[PDB]
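Protein chains in written order, with the authors' numbering: chain a, 4 to 376; chain Z, 131 to 195; chain b, 1 to 191. Cβ coordinates follow ideal geometry from the N, Cα and C atoms, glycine included.
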């Protein structure tokens, strides 16, 4: 120990003081303070090569300590593996540390997530998918484990970014952002995440909300000037404005995935336009016509029936189609996010409703007071 | 003006934007029933204000109003 | 002879992994509370003692019971985890020994602080004055030696027994690998 630490001391600035502190903590047998110090230690060396030698020291610690938080043990092991640059030894080390912890739980999940992340660059269908499935049940009635949840959701988001499941990636990215409730992450990182989440929402198979994505108070606020065309097209999708979409085509036409997926985006915006029209129209009329839908969605009258049927099948709107009269009777459109002016309008409508209720209650009471006293 | 009992059952709630799954209380229908002895005792004790009038009078007060 | 309802506040925090104090601070404190419970029972057969942990938030394990076997048995499986919440733990103990089985008994709290307390001075002194009004004595053990000093604890105890109250106590133990039961001699006998 003594000579090992003395020789390793000459690895970074100001190291001798921290090495002396570590020696003092070990001698005093303060396992947890030593653990905090070791966790903070790895951050110093930019290359982090000394940690590749402190493997023996941490092994010696954990051998007869075996009480320190195995979660922290897995964190330091993760740093060591990150330093290590050969996949096979990385996998073996992760497996052995997983066996070592096992009983702790909440750290086995972290080790599995590390294995998945390491193997994601090389092969997916053999390990990544079944590992994502495997880490699903120990997450049971045990919330607020952000320490593992963030890593797990990042791994899942990366996997779904691969393969090409935009909807699942959207769900996982939203989950990761929610799990890391505090931001404390680089502005560049959160801005890239915002861009990816917006693209996933646009390209998703069955995600028509664009009402909470727009007001996500953590990401969209950070793409407000750099790449504003994403926010602009998201607003166009939310408002169901096919004309604004077509005009903005120039901005997003440079995006390769969006350019490749043009029909899907067009059908999504057309369905959103139908929803917006149904919501805008008052409840008492709510009876749209084929020519109006065609004009609004920029499609010929013939395709109106198929568009409305797709909407009904997916579940955006409820109603019927009367080809003889060339009309659609919409009876229910999906709920959407409303602003404070619309909330106040709802309040006024409630006021009218309550006034009517009170009027009838007073009428009945006054007229039947004789029988009910 | 209503029943005095409200029943709740603890359930895990999964969101779409609220994200973290919290343990929330979910409503369950609650009603008041009684055995024969309990019914007899309650009816005996109910000599505070007794007004049966099962006819249109009660069908107007217990409901409508 | 004196009736006393004493609630023990044990510290199952992550700093109890430390082996500085004999075979792990957890086992040292186990033996310490063993001797304290036995001492209270021997002092009075009717005396009743309970157990509370000072884990992430708090947890009551055994309310006042004249027997000690259940308390000791529950003490097992007290594996360490999380931080220590001194104010919340002491408030919960205060409630528990306010809901006594016998109101003629006295009220006491034996606390094993083996980890730093993150409560400011103002909150701790406010708790001290409230407990003084409610007539509670707080025997505090400065176990663990994470600060091994008046880590906002001597102020607590002095505020409690101010004006020659000589009711509370603060026994500070050095990291010397000597049994905590061997170290404790003030509260057990000269209470």
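When the five nearest sequence neighbours on each side are left out, the beta carbons in the same chain lying within less than 8 Å of the beta carbon of residue 87(b) are those of 119, 123, 124 and 127, in order along the chain. Here residue 300(a) is buried, its C-beta having at least 16 other C-beta atoms within 10 Å. DSSP places residue 155(Z) inside the beta strand (DSSP E), whose first and last residues are 152–158. In chain Z, no part has a C-beta under 7 Å from the C-beta of residue 338(a); the shortest such distance is about 12 Å.
For the alpha helix (DSSP H) assignment, the uninterrupted runs of no fewer than 4 residues enclosed by the stretch 158–184 of chain b are, from N- to C-terminal side, 180–183.
Of all residues in the stretch 182–197 of chain a, those with a C-beta nearer than 7 Å to a C-beta of chain Z are 182, reading in chain order. Counting C-beta pairs with one atom in each stretch, the stretch 318–325 of chain a and the stretch 271–281 of chain a have three or more that are closer than 8 Å, which means they touch. Contact annotation: the stretch 35–42 of chain a does not touch the stretch 23–33 of chain b, with fewer than three C-beta pairs closer than 8 Å. Exclusion of the five residues before and after residue 63(b) leaves 50 and 96 as the residues of its chain whose Cβ lies within less than 7 Å of its Cβ. Cβ-Cβ separation between residue 11(b) and residue 54(b): approximately 5 Å, consistent with a contact (criterion under 8 Å). Under the 8 Å criterion on CB atoms, residue 148(a) is classed as non-interfacial with respect to chain b. By alpha-carbon distance to residue 224(a), the top candidate from 194(a), 282(a), 212(a) and 245(a) is 194(a).
In this structure, the straight-line span from the alpha carbon of residue 243(a) to that of residue 139(Z) is close to 40 Å.
Comparing C-alpha distances from residue 336(a) to each of 373(a), 290(a), 367(a) and 80(a) shows the shortest one belongs to 290(a). Residue 206(a) is not a Cβ neighbour of residue 162(a), given a cutoff of 8 Å. Following the DSSP letters along the chain, one finds residue 218(a) in no beta strand (DSSP E), marked with neither H nor E. In terms of Cα proximity to residue 230(a), the closest of 143(a), 257(a) and 16(a) is 257(a). Counting of Cβ neighbours within 10 angstroms places residue 236(a) among the buried residues, the total reaching 16 or more. Around residue 305(a), no beta-carbon contact reaches into chain Z at under 7 Å, the shortest distance being about 36 Å. Residue nearest to residue 9(a) within the set 46(a), 53(a) and 47(a) is 53(a) (criterion: CA-CA distance). Straight-line measurement puts the Cα of residue 179(a) at about 14 Å from the Cα of residue 187(a).
For residue 192(a), no beta strand (DSSP E) encloses it; the enclosing alpha helix (DSSP H) starts and ends at 190–206. Counting only runs of at least 4 residues, the stretch 107–190 of chain a fully encloses the following alpha helix (DSSP H) elements, listed from N- to C-terminal order: 111–123, 131–137, 149–164 and 169–182. Shortest Cα-Cα distance from residue 133(Z) to any of 182(Z), 143(Z), 159(Z) and 152(Z) involves 159(Z).
Neighbours of residue 374(a) across chain Z, judged by C-beta separation under 8 Å: 186, 187 and 190. Pairing residue 16(b) with residue 176(b) gives a Cβ-Cβ distance that is not under 8 Å. Residue contact check for residue 154(a) against chain b: no CB pair falls below 8 Å.
The C-beta of residue 264(a) comes no closer than 8 Å to any C-beta of chain Z. When DSSP states are grouped into helix, strand and coil, residue 14(b) belongs to the helix group.
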